[PDB]
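Next up: a single chain in structure tokens, the form deposited in one PDB entry.
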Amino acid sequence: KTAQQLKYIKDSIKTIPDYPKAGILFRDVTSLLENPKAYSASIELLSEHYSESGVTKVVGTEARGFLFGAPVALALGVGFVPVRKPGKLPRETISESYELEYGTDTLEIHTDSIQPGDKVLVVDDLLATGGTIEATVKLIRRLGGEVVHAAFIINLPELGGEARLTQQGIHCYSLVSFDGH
């Protein structure tokens, strides 16, 4: 059943060749979002895996992360805290930076939404280089949150996200894995 749900999940994700630019494969989770079965099972499986873990908040990073972290928060019956692109959160924020191809950008979190003692699970769609999750984890930790787990629908191991998270004291968990080739 679990093994079968995973294959059903993996086949609902479409692979787009030469996106964004040529010789690059893109895994489109939106084909999963429109398959009611695959989408519920993905949230069931992420929830169940963290039932025994004592999580008090889930953090998801804008925007595809919203689609997995928020339903996981709902299933665990805990609060959801969003990490956002700059200038969207209205209350007091802190900021972290992360690298893009051509520059740098920032993520923000509300300072009142995390505090000492919170046990935080990060949920996201995609572990690629891991730069956004690294920035997200530093946000959570600067506010005294404890983060040991990050959960992903898709893992791209050839980009070495996993070991970069391990270096930062995060154990990663993922549903499916895809090759870069």
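Throughout, we count residues from 1 along the sequence that is shown.
FYI, the form solved in complex with a small molecule isn't displayed, but the following is about it.
The candidate stretches are 45-53, 126-134, 30-38, 112-120, and the one lying within 4.5 Å of the small molecule in the deposited complex by heavy atoms is 126-134. At a distance threshold of 4.5 angstroms between non-hydrogen atoms, residue 141 is out of contact with the small molecule in the deposited complex. Though the partner is left out of this view, residue 156 does reach within 4.5 Å of the small molecule in the deposited complex, counting heavy atoms only. The small molecule is not drawn, but in the deposited complex it has a heavy atom within 4.5 Å of residue 24. Taking the partner from elsewhere, residue 149 is found to have every heavy atom lying beyond 4.5 Å of the small molecule in the deposited complex.
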